[PDB]
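Input: a single structure, listed below in structure tokens.
Heavy atoms only: backbone and side chains are in, while hydrogens, waters and symmetry mates are out. Reminder, nothing fancy here: chain letters follow the sequence lines and each chain counts from 1.
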Amino acid sequence: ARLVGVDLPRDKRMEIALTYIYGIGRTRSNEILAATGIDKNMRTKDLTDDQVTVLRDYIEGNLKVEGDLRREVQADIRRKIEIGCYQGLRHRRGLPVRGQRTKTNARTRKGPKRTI
Amino acid sequence: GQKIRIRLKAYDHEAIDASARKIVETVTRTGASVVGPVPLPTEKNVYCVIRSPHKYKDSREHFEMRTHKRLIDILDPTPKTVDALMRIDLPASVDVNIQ
Amino acid sequence: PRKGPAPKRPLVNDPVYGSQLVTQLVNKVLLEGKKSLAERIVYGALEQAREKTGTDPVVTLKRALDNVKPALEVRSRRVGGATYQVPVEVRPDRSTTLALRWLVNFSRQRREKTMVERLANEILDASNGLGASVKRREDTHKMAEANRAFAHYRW
Amino acid sequence: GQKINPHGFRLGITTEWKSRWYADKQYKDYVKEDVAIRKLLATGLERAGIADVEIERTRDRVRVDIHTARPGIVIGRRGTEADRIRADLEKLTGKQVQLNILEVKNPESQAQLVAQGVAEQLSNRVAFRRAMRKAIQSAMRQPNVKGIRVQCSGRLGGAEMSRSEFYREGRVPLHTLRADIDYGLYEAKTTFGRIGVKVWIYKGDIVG
Amino acid sequence: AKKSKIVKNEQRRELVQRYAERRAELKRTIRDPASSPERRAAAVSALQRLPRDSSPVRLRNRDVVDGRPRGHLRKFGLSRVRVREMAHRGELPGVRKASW
Amino acid sequence: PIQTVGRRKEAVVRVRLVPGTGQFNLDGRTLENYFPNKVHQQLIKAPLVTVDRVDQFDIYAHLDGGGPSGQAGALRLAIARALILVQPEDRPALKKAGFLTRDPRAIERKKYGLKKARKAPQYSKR
Amino acid sequence: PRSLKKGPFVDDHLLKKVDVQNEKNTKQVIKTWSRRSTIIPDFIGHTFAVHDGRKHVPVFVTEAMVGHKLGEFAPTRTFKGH
RNA sequence: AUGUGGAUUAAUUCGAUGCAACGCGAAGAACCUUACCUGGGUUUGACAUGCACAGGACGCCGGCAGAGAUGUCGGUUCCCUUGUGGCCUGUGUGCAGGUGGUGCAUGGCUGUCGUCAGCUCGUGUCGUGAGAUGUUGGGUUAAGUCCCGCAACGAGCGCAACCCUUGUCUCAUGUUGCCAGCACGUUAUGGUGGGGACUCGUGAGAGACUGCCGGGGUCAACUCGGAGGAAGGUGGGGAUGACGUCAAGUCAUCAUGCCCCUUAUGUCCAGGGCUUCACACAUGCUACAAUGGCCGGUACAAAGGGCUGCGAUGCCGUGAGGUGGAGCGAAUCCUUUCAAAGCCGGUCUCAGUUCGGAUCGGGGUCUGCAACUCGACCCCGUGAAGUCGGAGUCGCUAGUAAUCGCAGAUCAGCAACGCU
RNA sequence: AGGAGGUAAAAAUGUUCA
């Protein structure tokens with residue numbers, strides 16, 4: 001939201017702190033910290049700067065992160081689907097693309113409720 | 001020589017016990033030694049059926065096929081005994097397996 | 001139970017303290033058949049109370065029970081019009097059960113980030129005569145004494 | 001309908017199986033050709049007194065022991081009928097077929113046959129009450145029995161409304177297991193549909 | 001059930017017995033292993049051109065008595081209804097009421 | 001020698017009792033590595049405590065089937081039966097304590113229409 | 001889905017229909033009934049009229065839709081609202 | 001998630017509508033199934049069988065067109081003994097065929113009141129009679145169970161019992177199952193020789209019957225308590241559903257009277273739909289967390305399933321899974337030497353969180369001709385609502401509820417969180 | 001066996017043939 005290598009993403013362990021990034025979960029955090037030489041049991045308050053630099057350059061060289069990844073997602077949706085594919089029609093109308101009961105419970109896409 | 005491992009399967013414990021008794025009687029008549037009709041476990045193939053043809057899932061009938069099993073290891077093999085067990089007749093409700 | 005009263009199940013005596021009562025507390029703390037965990041919880045809370053006050057934790061527990069257990073209870077009765085609350089004498093076993101239940105539930109309500117901690121502290125401030133369990137007891141007695149007029153139904 | 005089949009109730013204690021063989025993987029097609037057999041000789045010679053169709057088979061042979069009241073109708077003059085049905089069963093074979101017939105001693109005491117008779121007699125002209133009473137009389141006069149129950153259900157007397165009427169004599173303890181309660185069922189054909197005739201015959205308890 | 005449906009299931013059975021000598025199995029055992037040179041074969045086209053009824057994926061298991069698709073039991077070749085009837089009547093060896 | 005058996009909720013145990021210290025050989029393990037729960041241990045040692053023969057006998061065993069509590073109850077029964085065989089005159093005390101009674105309780109079978117052998121479905125009137 | 005080792009699935013009818021259109025360099029519409037046949041990087045320009053449940057549904061293929069199964073471009077159901 | 005209503009739809013097949021419909025028929029909707037829609041074909045038909053037919057082929061194998069049905073081509077295309085039986089060929093004729101209608105015409109099957117304990121009959125008696133009595137009364141019982149009385153005497157269906165399973169113990173029994181006592185194993189364990197000791201399996205049998213003791217009670221049923229016993233009083237649970245009701249449900253398992261279609265209301269194929277979605281109901285799963293999440297280690301199960309099926313070690317993958325196929329028709333082998341919750345330790349430290357896992361993007365695997373509609377699973381990423389739920393409402397009396405996982409049927413695959 | 005009085009507040013209706 002402000003930084004890729006947020007100097008304090010949140011004061012807590014690294015394995016779980018790096019997951020405060022739109023392209024990092026628990027296993028990416030673990031494999032990152034393994035490829036580096038950084039413990040995972042250590043909080044972010046106890047960081048250094050060189051740690052942040054190696055993390056930043058590793059990430060920028062290996063995998064994707066907030067802005068570029070989110071743009072990849074939205075561009076995937078729009079462009080690669082199209083105006084009028086099936087998954088695109090259902091993205092457009094705000095409904096579950098992957099095959100789901102729309103009859104009863106598609107609320108995560110449809111919204112809270114519009115009872116008539 | 002080699003002992004042999006006559007395996008008896010059926011759906012009726014008294015019929016299969018009768019078959020095993022007949023078999024031990026045969027091999028003892030023709031002069032062999034047997035460990036006995038060891039009573040193997042019984043298979044219990046259960047099936048749940050809806051009683052009604054259209055509805056009423058909560059009304060079932062449970063049908064079991066209770067397959068009984070004995071095994072007969074006869075020692076001291078002899079072609080006498082082999083032909084004896086070849087020519088002994090047993091009911092269709094009992095399956096024999098020679099090994 | 002129309003035919004009659006059922007048998008009260010015989011509780012086993014705890015080996016760590018020798019107490020039907022701590023066994024009862026275990027059975028009330030229990031959830032999902034997690035008896036071993038409930039034993040761990042109760043043992044931990046008792047040993048925490050021991051570390052706190054430097055005495056016998058079963059005795060502290062019995063003191064909390066003495067401060068929490070009610071002698072009176074209002075039982076509803078739908079008399080014509082609105083419902084009438086009727087004070088009645090609580091049996092000893094009923095008082096004990098209510099006390100343990102209130103301890104466990106008010107502990108589950110309160111907040112110390114660990115059932116052991118919050119149970120121990122509830123036991124302790126009830127032993128002193130402060131906690132929400134004793135508050136429940138006192139409110140119960142207040143309600144009964146208010147409704148003592150309707151005691152003459154005595155059913 | 002609430003009552004279970006008495007046979008299915010007392011299937012391993014009093015009654016026994018009308019198919020006496022064993023199989024593991026040939027069970028399915030065994031059952032297939034068995035039901036085909038029963039359908040065949042239920043459609044063919046219904047005029048005969050077919051009661052039981054006890055089948056056995058051991059890997060090359062099928063015994064088709066049927067039980068009948070009119071062997072003269074089972075087999076033709078020089079057994080030409082028996083040879084014909086042997087032929088079509090040897091088509092629908094378990095690789096060889098043999099068809100020793102059995103004569104029942106008591107068509108009045110056999111539940112399926114009593115129901116067969118009631119079914120044929122009632123449709124043409126006799127009243128269901130007459131038929132039921134006649135069957136009950138014959139059965140109880142037959143000495144082995146201890147009781148009988150008859151139940152005719154359907155458009156009785158060509159009525160516009162289905163009726164289920166039952167008669168009985170003696171004892172018919174269906175909830176009791178140690179009871180040779182022979183059961184029989186038949187769907188009498190009628191110009192106004194079909195009439196279900198059930199028969200229960202308690203011919204005494206059973207030994208252990 | 002419908003006689004057309006019953007005989008159609010048996011037709012697909014015959015088709016499977018005909019076109020499954022290896023004409024539907026050599027294909028799949030060619031496609032599975034990693035040494036498959038089928039990049040030049042493309043006999044998946046041949047498998048398409050085969051009848052879809054030649055595949056046992058279309059093979060429905062009807063009852064043999066009446067043709068009921070659903071409620072079928074493989075051990076018997078029968079629907080639940082006929083299993084009930086015949087097990088009561090004593091026509092299914094070993095099958096009796098279970099009570100326990 | 002002296003062998004007994006115990007059963008409790010489909011948990012079988014075979015007990016070879018011998019004279020020794022209060023040591024256990026529950027399938028090559030001890031009374032704490034097997035049954036670390038003090039309640040289970042109490043349940044095991046209850047008969048020996050009632051007869052006042054703690055530490056008189058070593059107990060080898062072949063716990064098989066069932067879970068911890070079933071196995072513990074089975075072993076309780078088995079050692080009680082062993083104490084009967086080695087000293088019948090302690091029979092009244094153990095019989096009063098209820099260590100000879102094999103608890104016949106078992107899992108009640110699930111039943112059709114229900115969910116849990118007594119848990120019926122949620123019954124709505126509408 | 002559709003394991004890579006087995007390769008893409010394209011009904012042979014549509015294949016013999018489109019390969020000739022390629023090698024003769026004509027791009028008349030193809031009346032192919034089956035949908036289900038994954039678009040492959042062979043016919044971006046040619047138009048198909050796949051869904052025959054109830055409508056013609058032409059579809060001009062592009063670069064952007066290769067690999068996608070042709071029926072995604074041919075909605076079978078119809079919903080406009082209440 | 002699943003089912004339903006309604007609304008959509010070309011179709012969203014049909015049935016089920018309080019209790020007793022709504023994870024129901026569906027114990028397995030991608031095509032099939034499928035009955036529905038659009039379109040393409042077909043018509044004695046997809047299957048039959050009797051009659052006149054002229055043949056030796058019928059038919060199978062391939063090719064081409066077609067979405068396919070199928071059509072059109074080319075191969076290979078009868079025995080029998082002269083009359084043939086079979087096979088088709090058509091002319092058709094009969095007719096088949098209808099998951100087309102009426103479950104208020106029906107059988108069968110089922111539910112349900114209710115496993116409630118009641119419902120009846122003969123004879124006799126009372127009454128003009130419908131009817132009553134019996135079957136009421138006192139007591140007892142889980143019970144119209146039993147006793148004492150009684151114009152009733154009796155009987156029958158139901159109750160109970162006989163059956164299964166579980167619970168204790170004996171006799172036999174040792175295999176593939178067990179391992180006390182011997183040895184061999186030295187890895188990896190009853191693993192192997194061995195042994196019946198123990199268990200276990202499975203055959204038979206004993207056992208619980210108020211049988212015994214004490215007290216109450218008609219001195220009777222029966223009851224309270226105790227002994228002994230594994231169990232004490234229908235031991236626990238199943239199976240078992242009287243006469244009958246609800247013109248309950250099913251003409252869509254089947255069968256079926258009557259009615260209707262017979263170039264179609266049949267039938268083949270393809271596609272699509274049964275999976276829609278502004279919504280509402282219902283049954284469940286997963287949760288909202290610390291009695292917890294994650295990580296590591298470590299234990300204890302039962303029951304069941306497996307032949308064109310289980311599928312092992314080993315190897316490759318992160319992992320679904322691929323490879324290969326040992327060994328097993330299975331007390332052996334496989335389903336890890338089967339668990340999970342659990343126990344120990346570590347970490348998180350009350351946050352929309354390392355909760356929650358939906359939804360969504362990408363990349364895959366497996367099934368199958370084929371996963372767009374419309375499968376499951378895996379991986380990476382995303383990380384929604386949800387802070388224990390208004391009125392109201394449901395289940396449960398003990399190995400129960402609550403929780404944990406396991407297996408099976410259907411089934412290629414699964415939408416199974418369901419059912420058993 | 002011998003011996004005062006009580007309380008349930010209100011709480012409606014039911015197309016068809018039957």
(Q) By nearest atom, which of the nucleotides H:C162, H:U110, H:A230 is closest to the B:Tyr56 side chain? (A) H:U110
**Q.** Stacked pair H:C116-H:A117 by ring centres under 5.5 Å and planes under 30°
**A.** yes
**Q.** Stepwise side-chain contact (heavy atoms from CB on, under 4.5 Å) test for B:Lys9 and B:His68
**A.** CA-CA 6 Å; B:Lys9 294 170 206 156; B:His68 305 263; over 6 Å; no
Q) What nucleic acid atoms does C:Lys34 come within less than 4.0 Å of, heavy atoms only: base, sugar-phosphate, or nothing? A) sugar-phosphate
(Q) Can you confirm if the NZ or CZ of F:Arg16 lies within 45° of the ring axis of F:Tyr60 and under 6.0 Å from the centre of its six-membered ring? (A) yes
Q: May I ask you to say what D:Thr191 touches in the nucleic acid, namely base, sugar-phosphate or nothing, with a heavy-atom cut-off under 4.0 Å?
A: sugar-phosphate
Q: Please tell me which of E:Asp66 and D:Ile195 maps to the more 5' nucleotide of RNA chain H, matching each residue to the nucleotide holding its nearest heavy atom.
A: D:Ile195
Q.
Stacking between H:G257 and D:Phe192, yes or no? Criterion: centroid separation under 5.5 angstrom, plane angle under 30 degrees.
A. no
Q | N-O pairing of F:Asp103 and F:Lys9 below 4.0 Å | A | no
Q: Please tell me which of the listed nucleotides, H:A270, H:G342, H:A412, lies nearest to the side chain of E:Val57?
A: H:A412
Q) Is it true that H:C374 and H:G375 stack, with six-membered ring centres under 5.5 angstrom apart and planes under 30°? A) no
Q: Identify whether the distance between the nearest side-chain nitrogen and carboxylate oxygen of E:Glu85 and E:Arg82 falls below 4.0 Å.
A: yes
Q: Answer yes or no for G:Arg2 and G:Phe9: cation-pi contact, defined as NZ/CZ to six-membered ring centre under 6.0 Å and angle to ring axis within 45°.
A: no
Q | Span that lies between the P atom of H:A239 and that of H:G201, in whole angstrom | A | 24 Å
Q: Round to the nearest Å and state the distance from F:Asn33 atom CG to H:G345 atom P.
A: 14 Å
Q | Separation of the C1' atoms in H:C153 and H:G134, to the nearest angstrom | A | 9 Å
Q: Could you tell me whether the sugar of H:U82 is north or south, judging only by the sign of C1'-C2'-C3'-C4'?
A: south
Q: Tell me what D:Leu174 touches on the nucleic acid: a base, only sugar-phosphate, or nothing, going by heavy atoms under 4.0 Å.
A: sugar-phosphate
Q: Please state how far atom CD1 in A:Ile116 lies from atom P in H:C279, giving the value in whole angstrom units.
A: 9 Å
(Q) Need the glycosidic conformation of H:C209: syn if within 90° of 0, anti if not. Which one? (A) syn
Q. Touch check for A:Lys40, heavy atoms < 4.0 angstrom, all strands: base, sugar-phosphate only, or nothing?
A. nothing
Q: For adjacent nucleotides H:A7 and H:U8, indicate whether their bases are stacked under the rule of ring centres within 5.5 Å (strictly under) and plane angle under 30°.
A: yes
Q: Go through the N and O atoms of the side chain of C:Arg108 and the base of H:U291, and report whether any donor-acceptor pair is under 3.5 Å.
A: yes
Q | Furanose pucker, H:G196, classified by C1'-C2'-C3'-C4' | A | south
Q | Non-hydrogen side-chain atoms of E:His88 and E:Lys97 separated by less than 4.5 Å | A | yes
Q | Sugar-phosphate, base or nothing in reach of E:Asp63, heavy atoms under 4.0 Å | A | nothing
Q: Using both distances under 3.5 Å as the test, list the Watson-Crick or G-U wobble partner of H:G3, or none.
A: H:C281
Q.
Counting only side-chain nitrogens and oxygens, does A:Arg114 get under 4.0 Å of the OP1 or OP2 atom of H:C279?
A. yes
Q.
Would you measure the distance from the P atom in H:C343 across to the matching atom in H:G225 and give it in whole Å?
A. 40 Å
Q) Where does H:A161 land, syn or anti, once you apply the within-90°-of-0 test for syn? A) anti
Q. To the nearest angstrom, how far is A:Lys103 atom NZ from H:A282 atom P?
A. 15 Å
Q) Using a cut-off of 4.0 Å on non-hydrogen atoms, how would the nucleic acid contact of C:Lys113 be classed: base, sugar-phosphate, or nothing? A) base
Q. In whole angstroms, how far is the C1' atom of H:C119 from the NE2 atom of D:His175?
A. 13 Å
Q: Take the protein atom CG of E:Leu50 and the nucleotide atom P of H:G62, then report the distance between them rounded to whole Å.
A: 9 Å
Q) Between B:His54 (NE2) and H:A20 (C1'), how many Å, whole number? A) 15 Å
(Q) Quick check for you: among H:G284, H:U110, H:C269, whose closest atom lies nearest to any side-chain atom of F:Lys115? (A) H:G284
Q: Identify whether any heavy atom of A:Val97 sits under 4.0 Å from a base atom; if not, whether one sits that close to sugar-phosphate; answer base, sugar-phosphate or nothing.
A: sugar-phosphate
Q) Just by the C1'-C2'-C3'-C4' torsion, is H:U263 north or south? A) south
**Q.** Side-chain ion pair, F:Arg14 and F:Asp64, N-O less than 4.0 Å
**A.** yes
Q. Do A:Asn105 and H:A1 have a side chain to base donor-acceptor pair shorter than 3.5 Å?
A. yes
Q: State the syn/anti category of H:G241 according to its glycosidic angle, syn meaning within 90° of 0.
A: anti
Q. Under the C1'-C2'-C3'-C4' criterion, what is the pucker of the sugar in H:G190: north or south?
A. south
Q) Under 5.5 Å centre to centre and under 30° between the ring planes, is that true for the bases of H:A376 and H:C377? A) yes
Q.
Do H:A242 and H:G241, which sit next to each other in the strand, have six-membered ring centres within less than 5.5 angstrom and planes differing by under 30°?
A. no
Q: May I have the distance from F:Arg8 (atom CZ) to H:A301 (atom P), rounded to whole angstrom?
A: 16 Å
Q) Under a 90° cut-off about 0 for the syn range, is H:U82 syn or anti? A) syn
Q: Give a yes/no verdict on a cation-pi contact between A:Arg70 and A:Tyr22, requiring under 6.0 Å between NZ or CZ and the six-membered ring centre and an angle within 45° of the axis.
A: yes
Q: Remember a base hit wins even if backbone is also touched, and classify G:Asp11 as base, sugar-phosphate or nothing at under 4.0 Å, heavy atoms.
A: nothing
Q. Sugar at H:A132: north or south, per the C1'-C2'-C3'-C4' sign?
A. north
Q.
In whole Å, measure the gap between the P atoms of H:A401 and H:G100 for me.
A. 45 Å
(Q) Please report the distance separating the P of H:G144 from the corresponding atom of H:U136, rounded so that it comes out in whole Å. (A) 9 Å
(Q) What's A:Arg109 touching, base or sugar-phosphate or nothing? Going by heavy atoms closer than 4.0 Å. (A) sugar-phosphate
Q: Give a yes/no verdict on a cation-pi contact between D:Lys198 and D:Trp200, requiring under 6.0 Å between NZ or CZ and the six-membered ring centre and an angle within 45° of the axis.
A: no
Q: Using the P atom on both, measure H:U210 against H:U141 and round to a whole Å.
A: 15 Å
Q: Remember a base hit wins even if backbone is also touched, and classify E:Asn9 as base, sugar-phosphate or nothing at under 4.0 Å, heavy atoms.
A: nothing
Q) H:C406 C1' sits how many Å from F:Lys110 NZ, rounded? A) 15 Å
Q: Evaluate the criterion side-chain contact (heavy atoms from CB on, under 4.5 Å) for residue pair G:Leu70 and G:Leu14; output intermediate values, then yes/no.
A: CA-CA 11 Å; G:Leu70 202 36; G:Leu14 194 160; 3.9 Å; yes
Q: Assign B:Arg60 to base, sugar-phosphate, or nothing according to its heavy-atom contacts below 4.0 angstrom with the strands shown.
A: base
Q) Hey, does A:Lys113 reach any base, or is it just sugar-phosphate, or nothing, if we go heavy atoms under 4.0 Å? A) sugar-phosphate
